[PDB]
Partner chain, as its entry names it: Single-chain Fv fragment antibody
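Heads up, the chain below is alone and in the form deposited without its partner chain; it's given as structure tokens.
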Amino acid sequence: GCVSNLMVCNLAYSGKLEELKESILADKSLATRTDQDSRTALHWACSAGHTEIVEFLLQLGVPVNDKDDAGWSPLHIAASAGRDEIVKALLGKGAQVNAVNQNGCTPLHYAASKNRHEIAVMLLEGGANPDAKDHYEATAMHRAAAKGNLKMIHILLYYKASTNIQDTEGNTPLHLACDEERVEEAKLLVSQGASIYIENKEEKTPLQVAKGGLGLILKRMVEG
């Protein structure tokens, strides 16, 4: 299907390398011409997962941080869509790991929520702020902990992600973890120094928000 009013962007998205090669080399100004979504071939190459095309456009020397008009950089797209090699290639040409789109989200926000284990690691190993806050002041931990992504919580914790940051509703990873009854996720957070005392904008603690025996198994883990 046609995704761009600009030939190069369509060649890039569909995987037409030899044609994009011949095309681009014939007019270098095409590598950076923007389309209706303010996207170059790089953006669409990142979206589809065409690594050889990304690489070619990077050898050429196109910018790697240029945002589309929703604020998505190449790294936002590669990360969100699960393209390990492209993410690697982009970090290899100094891609900004902490760029935020219009929704305030970083690449790591997307890697975290979609369980991009290898990429999360790649972003974090490449200078990602694990404590990056979107517009609701949520972090990767907030998401992973709510969703109950145990493997991702490990990754974030090892890269020194705070466990006691508060979203605008005043909740912490641990609050989400409890409210959604993610049992280990709540144990593991508490083990690593997620407090059971703090309160959200509803005067409530992780223990209260919590349900079941988990509610005070976090109390007989910290206390007694």
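Residue numbers count along the first chain shown, from 1. Only residues modelled in both forms are compared. What we label the rigid core is the largest C-alpha set whose atoms superpose within 1.5 Å from one form to the other.
In what follows, reference is made to the form solved in complex with its partner chain, a form of this protein that is not presented.
Novice: I need the one stretch from 50-58, 159-167, 66-74, 23-31 whose residues put non-hydrogen atoms within 4.5 angstroms of its partner chain in the deposited complex.
Specialist: Checking each option against the 4.5 Å cut-off leaves 159-167.
Novice: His135 versus its partner chain, in the deposited complex: is there a non-hydrogen atom within 4.5 Å?
Specialist: No, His135 sits far enough from its partner chain in the deposited complex that none of its heavy atoms falls within 4.5 Å.
Novice: Give a yes or no for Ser195: in the deposited complex, does one of its heavy atoms lie within 4.5 Å of a heavy atom belonging to its partner chain?
Specialist: Contact check for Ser195: no, nothing within 4.5 Å of its partner chain in the deposited complex.
Novice: Even though the partner isn't displayed, in the deposited complex is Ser38 close enough to its partner chain, meaning a heavy atom within 4.5 Å?
Specialist: No, no contact at 4.5 Å.
Novice: Considering non-hydrogen atoms and a 4.5 Å limit, does its partner chain approach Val62 in the deposited complex?
Specialist: Flag for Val62 set to no.
Novice: Within 4.5 Å of its partner chain in the deposited complex, which residues of 160-190 have a heavy atom? Give them in sequence order, or say none.
Specialist: Heavy-atom contacts to its partner chain in the deposited complex: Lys160, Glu184, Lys187, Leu188.
Novice: Does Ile165 count as moved between the shown form and the other one, where moved means a C-alpha shift of 2 angstroms or more after fitting the rigid core?
Specialist: It does not, since the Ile165 C-alpha is displaced less than 2 Å between the shown form and the other one after the core fit.
Novice: Would you say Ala70 moves its Cα by 2 Å or more between the shown form and the other one, aligning on the core?
Specialist: No: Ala70 shifts by under 2 Å between the shown form and the other one.
Novice: Is there a C-alpha shift of 2 Å or more at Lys201 between the shown form and the other one once the rigid core is superposed?
Specialist: No, shifts by less than 2 Å.
Novice: Where does the protein shift between the shown form and the other one, taking runs of 3+ residues with every CA moved 2 Å or more once the core is matched?
Specialist: Runs moving 2 Å or more: 1-8, 18-30, 211-214.
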